[PDB]
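Below sits a lone chain in structure tokens, taken as the form deposited in one PDB entry.
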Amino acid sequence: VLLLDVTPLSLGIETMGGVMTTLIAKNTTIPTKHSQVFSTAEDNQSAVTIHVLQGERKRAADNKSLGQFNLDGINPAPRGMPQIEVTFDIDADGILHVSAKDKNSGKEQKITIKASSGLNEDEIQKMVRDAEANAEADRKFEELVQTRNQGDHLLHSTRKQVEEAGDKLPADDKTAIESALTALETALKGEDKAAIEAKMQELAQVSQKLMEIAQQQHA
């Protein structure tokens, strides 16, 4: 072949923290199909918004929006338990089919994106260009979002563990733990990575007795 049709830009979805998660890597030859199983951000979340993105930037907002759609009817569950499988299928005509399917309920919703949608050749080059021009800033944003996402996980896991602990947890421990949880929740509202890591650190320092009770409860 003298020619290949290839993706000029990565393709994916917006995930928690406002980042782009790539399902199809830049310069993939089509037809191609990739899928990944995602889950929910919130306890008892009934729906997920599937925001389809084209671009090379870490921040979702910095990429091209190809469109979006929701999948609802998600049954009550703890965050991170539902299995929402997201498939990007680009066919021989260059049409992108995106689906989101709930493996519990079997419910599925799709968006179809025409071969001609997305960024034109100029904008593509502008995008490849900006992604190299901002590689460092994007890397910093990835580290921030990853830190906030971890701290959110610690926030929530710890709160569940406090509840499960009940009276097993000494009063002084609970005082120290909740004040650290409150401060971590606040730090998670900003974009100061150092701040988040300092509250996470505080929580690790004050939670030892709680870790031991939680480890024991499921031992």
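Just count from 1 along the sequence shown to find any residue number. Definition used throughout: the rigid core is the maximal C-alpha set that superposes within 1.5 Å between two forms. Shifts are known only where both forms have a C-alpha.
Averaged over their C-alpha atoms, the temperature factors of 6-14 and 198-206 are higher for 6-14. The question of which stretch, 130-138 or 112-120, has the higher mean Cα B factor is settled in favour of 130-138. Annotation for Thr158, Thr29, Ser46, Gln36: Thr29 ranks highest, by Cα B-factor. Note on the listed residues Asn75, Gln83, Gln125, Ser99: the highest Cα temperature factor in the record is that of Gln125. Among the modelled residues of its chain, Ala214 has a C-alpha B-factor that falls in the lowest third according to the deposited record. In the PDB entry, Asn104 places in the middle third of its chain by CA B-factor.
Remark: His51 belongs to the lowest third of its chain, ranked by C-alpha B-factor as recorded. Annotation for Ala61: C-alpha temperature factor in the middle third relative to the rest of the modelled chain, per the entry. When the modelled residues of the chain are ordered by C-alpha B-factor, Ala92 sits in the highest third.
The protein also exists as the form deposited in another entry; that form is not presented, and the subsequent description refers to it.
Candidate set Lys64, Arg59, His34, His156; criterion, C-alpha shift of 2 Å or more between the shown form and the other one after rigid-core fit; matching residue, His156. In sequence order, the regions between the shown form and the other one where at least three consecutive C-alphas each move 2 angstroms or more after rigid core superposition are 1-3, 146-191, 194-217.
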